[PDB]
Amino acid sequence: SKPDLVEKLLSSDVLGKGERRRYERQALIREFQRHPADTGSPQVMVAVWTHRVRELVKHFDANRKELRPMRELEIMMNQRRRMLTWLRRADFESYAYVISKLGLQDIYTXXXXXXXXXXXXXXXXXXXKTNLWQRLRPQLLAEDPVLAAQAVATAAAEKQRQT
Amino acid sequence: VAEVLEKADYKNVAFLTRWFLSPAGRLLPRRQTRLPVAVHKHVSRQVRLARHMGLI
Amino acid sequence: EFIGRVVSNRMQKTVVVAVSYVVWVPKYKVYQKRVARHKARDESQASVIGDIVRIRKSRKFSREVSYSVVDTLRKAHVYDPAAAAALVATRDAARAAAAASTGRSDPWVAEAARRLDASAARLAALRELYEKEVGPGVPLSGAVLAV
Amino acid sequence: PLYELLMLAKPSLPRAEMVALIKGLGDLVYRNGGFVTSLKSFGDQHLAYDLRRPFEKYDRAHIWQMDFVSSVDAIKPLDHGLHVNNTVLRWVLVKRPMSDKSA
Amino acid sequence: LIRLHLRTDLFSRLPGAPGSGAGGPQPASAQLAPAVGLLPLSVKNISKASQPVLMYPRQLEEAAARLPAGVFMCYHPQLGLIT
Amino acid sequence: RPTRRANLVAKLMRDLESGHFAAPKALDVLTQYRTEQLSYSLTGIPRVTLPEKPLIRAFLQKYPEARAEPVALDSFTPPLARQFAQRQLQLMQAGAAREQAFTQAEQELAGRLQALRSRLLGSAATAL
RNA sequence: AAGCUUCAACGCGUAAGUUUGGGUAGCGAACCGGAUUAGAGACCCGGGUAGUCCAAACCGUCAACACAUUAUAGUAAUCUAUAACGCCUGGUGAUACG
């Protein structure tokens, strides 16, 4: 009985979800690496940042009036953009490998965003005073298809839960 | 004087009435303890919890 | 002859090419870099965006298409999603297979040993390349040994 | 995360129901996969200041401590457990580290 | 970091050998002992990371009299870091 | 508002070369023997920290009579606390840890400690 | 090297002010009352409404100052080489248009 109490202590059930998400964060570092314990290759970086922006975007439809680490949310999004746009130039097979495993589009840069020879399907958006989350939400929805899927899923969920 | 265990987190009356609490329901400030100032601030926090507590 | 990056291929039998040409200004003794855009004929549409191409003057084909594509030097590698999933399969197969064959020797020890001996085999190889190129000599300079 | 609760209790009731009140809080933390480490009271201490602006209960109040390991989901039921009962006045719930360095 | 031992006076102090320097502490005759501060005086970066300047060598002579006494540091691909 | 600079031999030199007048008489002194003017700046505050501080802090915490030797400052013979700390340190670099060295230093230098406490009790009976 | 800067764009933004909802310990514009003085509209004594309080939005300007741009390289700079910047060009005249 007392060993059962010890294993229910040492479980991840009891922890605060800061520590729970940190333990599954080194689970993800065990997943995405090229290697036994590589923690600084750029695939590790973008895996951490993509997962991080997913639990923070859940937290940030939950809390809207937060303002201090929303700067940090921008810092993750911009440094992730820097990391993909570097890694495409640097090691392309790792680039394609990661944004297939995570399932992300291409975000590289009177210009074209490196489309093919033929079949030049395109996606460009240019305008012809906002608050924060009313603009930071649809960008982060826009580049990432998993977040768009979560958006349409929770939209259908609320529309059939109110009905 | 700076024995950490039983003084660092502990809100009970004895240590604070000995060396941390002014007599008129008030506290002993930084100059009257001669203790490391961050540790003093955290135990001053503990004492000032204990002035919100049912004790003191 | 220009060697400059493509930027547009949305365009029939014609690619828009940008070249970094540097103009002098006399006032400040500073070379200012501008980039001009040219329209150039290609024939095979093998130019994906990001390719480094060689354009040359030929007979004009239009009002503003004036060069012709000679050769694409460095190919721009492109995102194929199914091939990317194939690299996912091969890459985690390689990682799991290496960890299973390895897994006391914690796997870092075995891989770092393999990287040490791989670097040693490399250093022996380029050292013997230097040995066949030069002979027994101090690595002072190759400019000294060019005599 | 183990949670101390140096909470107050009504001063001189017959103990037939304050023990039942702790049975209720023990039932509340009994749920959600966690349990009390030690239930250490301090008997009774007369207080330092009066409380209950409505009904004027007074000092001489009773003291209890729970020391329970709980996942964070159980706190909102514990908030109801400490909020609905008018036999208790104040409750202080503190996190404690995994070295089990409790009060 | 790379610690330059600056030449304070009008002699190098080879018997000092201020850290690294010329091997062997023997000049022939000992010299004056001047108290001058540090002889690289008012060094001017005349190339400049925005504007590189080629000075075709007669222009280099005619701008050498524009500035006070001292030696240009120059680059050339066949010769490296030159005067 | 000018600036302090080189001194006296660059200041004599550009006069003395031309045959202005004869020198101040110590020119042979000024030339044959190397100087240094205080070329005054801060290359870095060299606060080179003593290794004997933790050993002397512990020994002065444990035996405070080691604050009370008479000691000749101007002869470089070491005092008793220094042989304490040097004995502990030479047992440290011998390979043992700190506390076993402190115990061996307690055994191997206590004799002068009871000699000193006898001397201090004699001075105590002298003063009172 | 994925670094530096930010033209452009875009957010943060003390406090006032406005729209919406109410009601409100203390704080303190109006409105009436009295005072140094000849008139007194102010300082000061005297009650005290919006607003200060809350929740949502708009505004975004200022001795918002290290008046010390940002960053790197040197031992917390106003010792100063550079990288991208932003701003000034005698004073009075910046308000009016768009």
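Take the conditions within 14 Å of chain C (Cβ to nearest Cβ) and within 14 Å of RNA strand G (Cβ to nearest atom) and apply them to A:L104. Does it pass?
Taking the combined requirement at face value, the residue does not satisfy it.
Hey, any hits in segment D:73-85 for a residue that's in contact with a strand residue (DSSP E or B) (Cβ under 8 Å, 6 or more places away or on another chain), within 14 Å of another protein chain (Cβ to nearest Cβ), of a type outside the set (S, T, Y) and at negative phi?
yes
Only one of these conditions is not met by A:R88: (1) in contact with a helix residue (DSSP H, G or I) (Cβ under 6 Å, 6 or more places away or on another chain); (2) more than 30 Å from C:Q45 (Cβ to Cβ); (3) among the basic types (K, R); (4) not in a loop (DSSP other than H, G, I, E, B). Which number is it?
(2)
Is it the case that A:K129 is among the basic types (K, R), within 15 Å of RNA strand G (Cβ to nearest atom), closer than 24 Å to A:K17 by Cβ and more than 14 Å from chain C (Cβ to nearest Cβ)?
Judged against the criteria, A:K129 is not a match.
Out of all the residues in segment C:123-137, which are exposed (fewer than 10 other Cβ atoms within 10 Å of the Cβ) and touching a helix residue (DSSP H, G or I) at 6+ places or on another chain (Cβ under 9 Å)?
If the condition is that a residue be exposed (fewer than 10 other Cβ atoms within 10 Å of the Cβ) and touching a helix residue (DSSP H, G or I) at 6+ places or on another chain (Cβ under 9 Å), then C:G135 is the only one that fits.
Tell me, which residue of segment A:89-101 that is more than 19 Å from A:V53 (Cβ to Cβ) and buried (at least 17 other Cβ atoms within 10 Å of the Cβ) is farthest from the other protein chains (Cβ to nearest Cβ)? Outline the logic, then answer.
Taking segment A:89-101 as the starting set, the residues that turn out to be more than 19 Å from A:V53 (Cβ to Cβ) are A:89-94, A:96-97.
Restricting the remaining residues to those that are buried (at least 17 other Cβ atoms within 10 Å of the Cβ) gives A:94, A:96-97.
Working: A:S94: 9, A:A96: 4, A:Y97: 5 Å.
It comes out as A:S94.
Is it the case that some residue within segment F:78-89 is within 30 Å of F:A110 (Cβ to Cβ), more than 16 Å from RNA strand G (Cβ to nearest atom) and loosely packed, with under 13 Cβ neighbours inside 10 Å?
Yes, segment F:78-89 contains a residue that is within 30 Å of F:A110 (Cβ to Cβ), more than 16 Å from RNA strand G (Cβ to nearest atom) and loosely packed, with under 13 Cβ neighbours inside 10 Å.
Looking only at segment D:20-42, which residues are hydrophobic (A, V, I, L, M, F, W, C) and over 21 Å from D:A74 (Cβ atoms)?
The one that is hydrophobic (A, V, I, L, M, F, W, C) and over 21 Å from D:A74 (Cβ atoms): D:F42.
Every residue in segment C:78-121 that is among the aliphatic types (A, V, I, L, M), closer than 30 Å to C:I49 by Cβ and out of contact with any helix residue (DSSP H, G or I) (no Cβ under 8 Å at 6 or more places or on another chain), please.
C:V78, C:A82, C:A86, C:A89
For segment F:11-34, how many residues meet the condition of being touching a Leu at 6+ places or on another chain (Cβ under 9 Å) and surrounded by 10 or more Cβ atoms within 10 Å (Cβ to Cβ)?
Narrowing segment F:11-34 to residues touching a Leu at 6+ places or on another chain (Cβ under 9 Å): F:12-13, F:16, F:22-24, F:27, F:30-31.
Now drop any that are not surrounded by 10 or more Cβ atoms within 10 Å (Cβ to Cβ), which leaves F:12-13, F:16, F:23-24, F:27, F:30-31.
Count: 8.
Of the conditions (1) within 12 Å of chain A (Cβ to nearest Cβ); (2) more than 14 Å from C:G4 (Cα to Cα); (3) within 26 Å of the chain's Cα centre (by Cα), C:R95 clears all except one; give me its number.
Single failed check for C:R95: (3).
Would you mind listing the helices (runs of 4 or more DSSP H) fully within segment F:7-87 where at least 3 residues are over 22 Å from F:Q104 (Cα atoms) and within 14 Å of chain E (Cβ to nearest Cβ)?
Result: F:10-16, F:27-32.
Which of the residues belonging to segment E:41-73 are surrounded by 10 or more Cβ atoms within 10 Å (Cβ to Cβ), within 14 Å of chain C (Cβ to nearest Cβ) and within 16 Å of RNA strand G (Cβ to nearest atom)?
E:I46, E:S47, E:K48, E:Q51, E:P52, E:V53
Every residue, every condition in (1) of a type outside the set (V, I, T); (2) surrounded by fewer than 16 Cβ atoms within 10 Å (Cβ to Cβ); (3) within 16 Å of RNA strand G (Cβ to nearest atom), yes or no:
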site	(1), (2), (3)
A:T109	no, yes, yes
A:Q134	yes, yes, yes
A:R137	yes, no, yes
A:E143	yes, no, no
A:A149	yes, yes, no
A:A156	yes, yes, no
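Does segment D:18-40 include one or more residues that are within 14 Å of chain B (Cβ to nearest Cβ), of a type outside the set (A, V, I, L, M, F, W, C) and touching a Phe, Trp or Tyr at 6+ places or on another chain (Cβ under 9 Å)?
yes
Looking at D:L93, D:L47, D:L51, D:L39, which is the one that is within 16 Å of B:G54 (Cβ to Cβ) and touching a helix residue (DSSP H, G or I) at 6+ places or on another chain (Cβ under 8 Å)?
That would be D:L93, the only listed residue that is within 16 Å of B:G54 (Cβ to Cβ) and touching a helix residue (DSSP H, G or I) at 6+ places or on another chain (Cβ under 8 Å).
To keep it simple, each residue is scored yes or no on (1) outside any loop (DSSP other than H, G, I, E, B); (2) within 30 Å of C:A76 (Cα to Cα).
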{"residue": "A:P3", "(1), (2)": "yes, no"}
{"residue": "A:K8", "(1), (2)": "yes, no"}
{"residue": "A:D13", "(1), (2)": "no, no"}
{"residue": "A:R22", "(1), (2)": "yes, no"}
{"residue": "A:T39", "(1), (2)": "no, yes"}
{"residue": "A:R68", "(1), (2)": "no, no"}
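None of the figures in this text is laboratory data; all of them are computed from the coordinates on show. Positions of Cβ are backbone-derived with ideal geometry, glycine not excepted, and every protein chain shown enters the neighbour counts.
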